[PDB]
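First comes one chain, alone, set out as structure tokens in the form deposited in one PDB entry.
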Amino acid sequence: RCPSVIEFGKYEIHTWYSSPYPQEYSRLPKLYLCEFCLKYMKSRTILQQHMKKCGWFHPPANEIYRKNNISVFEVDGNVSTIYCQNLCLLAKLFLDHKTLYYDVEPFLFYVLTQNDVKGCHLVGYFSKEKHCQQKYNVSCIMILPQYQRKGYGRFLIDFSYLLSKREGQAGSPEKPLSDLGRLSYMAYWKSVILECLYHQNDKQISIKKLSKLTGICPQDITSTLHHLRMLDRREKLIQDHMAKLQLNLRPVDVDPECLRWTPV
């Protein structure tokens, strides 16, 4: 498509969909990118050289969260646009439907990186509209293929709530969800609902099960409806199975103590 292959840092990623990447570029069979400034080039050489320049070895904004190897940078669409602009171009290679590219300023971009000697490496990000048409904690979410199926999605998902969590403003993802995203949430809400069942041998509410969580009442209910736990209902034998499951190998989980972020 526009195009077939790209080279990120080291890895070569096979795109899923087209991206506006300027005709002149798109046409080129492979699109070399630069791990950090996210600049599209035309050749390995043009890339290979440019890398002596740059000096960018991590995302533009401030680190809001750093624990162990993982980190998130809250990049403002306004402050450092072109990056965000390029993030969208990169992202669209993996989102079938993605409006907004050039108009980045209205969004905040939260980019997750996995860090080592060579730098703070982009592993994926999520989008969030500054001032919301609909109260919408997630506008977009993406994890690069080479990192997928490793719990980075949930991490980002989870992070996105902690954000709205301490906003007091419980939101939800931009609901025309991709197929992949859909499962990511459906399965995240489950885990996080079945979470509290084992962490409160007392029973209470749905609107309380909210707030203390942030998964808005519309959701989580639809989740429970998708379960054998619809009823505004505890399945002690499942709530067990999952908290039993977690004890095998935990996540790559967000630690709220390790996040420096004030709302508004």
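We call the rigid core the largest set of C-alpha positions that still match within 1.5 Å between the two forms. Residue indices: 1-based, along the sequence shown.
There is another form of this protein, the form deposited in another entry, and it is not shown here; the text below is about that form.
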query: Rigid-core fit between this form and the one not shown, the member of 64, 37, 213, 47 whose C-alpha shifts 2 angstroms or more; finding: 213
query: Exceeds or equals 2 Å, Cα of residue 18 between this form and the one not shown, core fit; finding: no
query: Rigid core superposed: residue 251 CA moves 2 Å or more between this form and the one not shown; finding: yes
query: Inter-Cα distance between residue 217 and residue 164 in that other deposited form, nearer or further [3 Å or more]; finding: closer
query: Cα separation of residue 255 and residue 245 in that other deposited form versus here, shift of 3 Å or more; finding: closer
